[PDB]
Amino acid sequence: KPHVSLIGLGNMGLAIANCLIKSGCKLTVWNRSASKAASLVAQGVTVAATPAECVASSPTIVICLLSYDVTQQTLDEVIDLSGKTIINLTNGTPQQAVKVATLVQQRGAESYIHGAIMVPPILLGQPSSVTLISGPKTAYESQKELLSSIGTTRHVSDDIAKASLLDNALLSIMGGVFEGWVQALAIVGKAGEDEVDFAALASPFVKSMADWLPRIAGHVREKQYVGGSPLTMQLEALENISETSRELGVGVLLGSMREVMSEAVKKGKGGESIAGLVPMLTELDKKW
């Protein structure tokens, strides 16, 4: 029954709380909306009135808030972190991880590790469900056992910023997948198809796309841009998705993809593979 504090009782915060409770720990919680602790009071959880009193209560602080900005606001009056390990499970950018690591260090925190939970709340605590962890190996190692309450942790690096870097990279893929999937479902739906039957038909094709991704990552690393699926042809197919959508009276996502491919053609990269879009991104700070 080690003492753990948890800041944030949102969708993911509350799933974290339940995992930590089941693990057999003595849990102090704080949330802006204290009512979100209501389902935890019966399970023997203490609700601290302020972030400060919450952090005082335990040597191990878990944070799972909306964002860095909300994390900075919440930690504002948390003056004393002596002998505390911070486990930050708040989505943010690599520098935001470094910024919170710095905020808690300046306040006497013993250590900081950052975690990206890669599943929705309902999956938290399945050994299958993976959380990526970055920060000092000894710090991970001391929290490993507690952290096993939320599923399998993968320590990806000693660098505090890395779990967030990989988080942002993986959420990029997820964002792209959902954008395409939502566009796919709007088209088949409006045209009077059953979305569940379409999904059964799509799943084998979506698995093939997943299997082509490593080959593409190799192409990117080796700057090998020639294949049988040029950007000119792919752009023509995206334009037909727009027209297909228009024909049905449905809206059109993938605009950034259309824009970056349109410009790619302009710069005489029209004959390159999808791997050729990566240098379009790495060489220019722009929102397509």
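One-based numbering along the sequence shown.
A.B. asks: Pick between 169-177 and 150-158: the one whose mean CA B-factor in the entry is higher.
C.D. replies: Per the PDB record, 150-158.
A.B. asks: Which is higher in the entry, the mean Cα B factor of 61-69 or that of 259-267?
C.D. replies: If you average the C-alpha B-factors of 259-267 and of 61-69, the larger mean comes out for 259-267.
A.B. asks: Between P127, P94, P121, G189, which one tops the list for C-alpha B-factor in the PDB entry?
C.D. replies: It is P127.
A.B. asks: Could you place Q43 in the lowest, middle or highest third of its chain by Cα temperature factor, using the values in the record?
C.D. replies: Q43: CA B-factor falls in the highest third of its chain.
A.B. asks: Among all modelled residues of this chain, ranked by Cα B factor, put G24 in the bottom, middle or top third, i.e. lowest, middle or highest.
C.D. replies: As the PDB entry reports it, the C-alpha B-factor of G24 lands in the highest third of its chain.
A.B. asks: How does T85 rank on Cα B-factor within its chain, lowest, middle or highest third?
C.D. replies: As the PDB entry reports it, the C-alpha B-factor of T85 lands in the highest third of its chain.
A.B. asks: Going by what the PDB entry lists, where does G115 fall on CA B-factor within its chain: lowest, middle or highest third?
C.D. replies: As the PDB entry reports it, the C-alpha B-factor of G115 lands in the lowest third of its chain.
A.B. asks: So where's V226 on the chain's Cα temperature factor ranking, which third?
C.D. replies: Top third by C-alpha B-factor.
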